[PDB]
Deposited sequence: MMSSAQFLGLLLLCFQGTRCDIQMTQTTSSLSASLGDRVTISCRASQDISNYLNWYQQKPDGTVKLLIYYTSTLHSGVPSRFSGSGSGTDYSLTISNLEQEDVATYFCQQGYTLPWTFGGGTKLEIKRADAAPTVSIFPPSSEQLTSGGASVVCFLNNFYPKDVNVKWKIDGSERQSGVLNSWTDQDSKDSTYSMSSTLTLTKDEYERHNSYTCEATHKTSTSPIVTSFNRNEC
């Protein structure tokens, strides 16, 4: 229908700055566009309705400006709590369209990760399987290209990673990598280790030690 476009799909910004989210419409929507906030796994909040007008209980730092066809939401003071995706939407014609959205990340000092490697538990080893877990508890920015070696050999197969969202508590990122192998394969190889490269590389170790 009236396809809604948001120029940028991600916007990183440091605390105490002003930012703008732009929304262009397929046709003049005579100011019948509202703005929405969706917090990570939190509820969806209506921020601004009918372009300019603030919604009840929404802070004043949120400003809804808009031309006839070009609409732009602006967060004047940057707060940690504002880490959320913002969406525009038209109500002018009946198939109401929700735009692409713009995730708002927080810019902060570059933190080095807290790399910890964990050996497969003697619980999982009974289930005819093995899993190596390597974490990077507290770091920034988002991208970190992990590479782990078992006796030096490169293992790219069966590697599955997972990233958390930027917390509105300390404004940091965290990553979990899981190397899943069959019981026999993990029993054949010894001295498993995980290394990490982030903008000397941080190298962690977990040798096959008796206990």
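Missing from the model, relative to the deposited sequence, are the ranges 1 to 20, 220 to 222.
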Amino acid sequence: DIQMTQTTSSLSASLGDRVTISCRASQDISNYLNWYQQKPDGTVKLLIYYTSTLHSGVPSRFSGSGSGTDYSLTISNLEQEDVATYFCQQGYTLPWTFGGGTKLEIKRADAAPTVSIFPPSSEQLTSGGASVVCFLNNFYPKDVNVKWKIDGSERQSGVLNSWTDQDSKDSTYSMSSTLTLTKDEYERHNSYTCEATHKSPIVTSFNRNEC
From here on, numbers count along this sequence of modelled residues.
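Stretches 66 to 74 and 158 to 166 differ in mean CA B factor, with 158 to 166 having the higher one. Checked against the record, the higher mean CA B factor of 86 to 94 and 118 to 126 lies with 118 to 126. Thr53 sits in the lowest third of its chain by CA B factor, as recorded in the PDB entry. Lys199: CA B factor in the highest third of modelled residues in this chain (values from the PDB entry). Ranked against the other modelled residues of its chain, the C-alpha B-factor of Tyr36 as given in the entry falls in the lowest third. When the modelled residues of the chain are ordered by C-alpha B-factor, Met175 sits in the middle third.
Among all modelled residues in this chain, the alpha-carbon of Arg24 has a temperature factor (C-alpha) in the lowest third.
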